[PDB]
């Protein structure tokens, strides 16, 4: 990306890296007060953590932040949103993880029974190839027209 942006991200990474280990832990992200009440923090961290070691190193940090660039296209934004739901990273949103991620967002505003019912119906109505899970293509068929990608922009 842009050179001055790389420099600013280095300085910010170091400030978040409270124990100066070279990698960002969940506790270190959660030290930010405004992240403590955001129910999708652990999902975003998991997506940044491409090697699955539980922490975000600087390479992961830069590539993760880059997906929110103004120059990123619609598919890039919508695929990040897709990965929010796809907890197991197999490329398909399955019933169990769709419930779990929605449960994180809704908390007690819906009962588990109600949430499972609408999850079931979305799986059935959105599954077009019959494998019982939602691919990225099936996902975009449903949400592609909502223009949420326009909102997922961050200035580094």
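Residue numbers count along the first chain shown, from 1.
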| query | finding |
| --- | --- |
| Residue stretch of maximal mean CA temperature factor, 3-11 vs 146-154 | 146-154 |
| Of 28-36 and 92-100, the one with larger mean CA B-factor | 28-36 |
| Residue of maximum C-alpha B factor among 70, 123, 105, 87, per deposited coordinates | 70 |
| Third of the chain's Cα B-factor distribution that residue 113 belongs to, per the entry | lowest |
| Record-listed C-alpha B factor of residue 127: chain third | lowest |
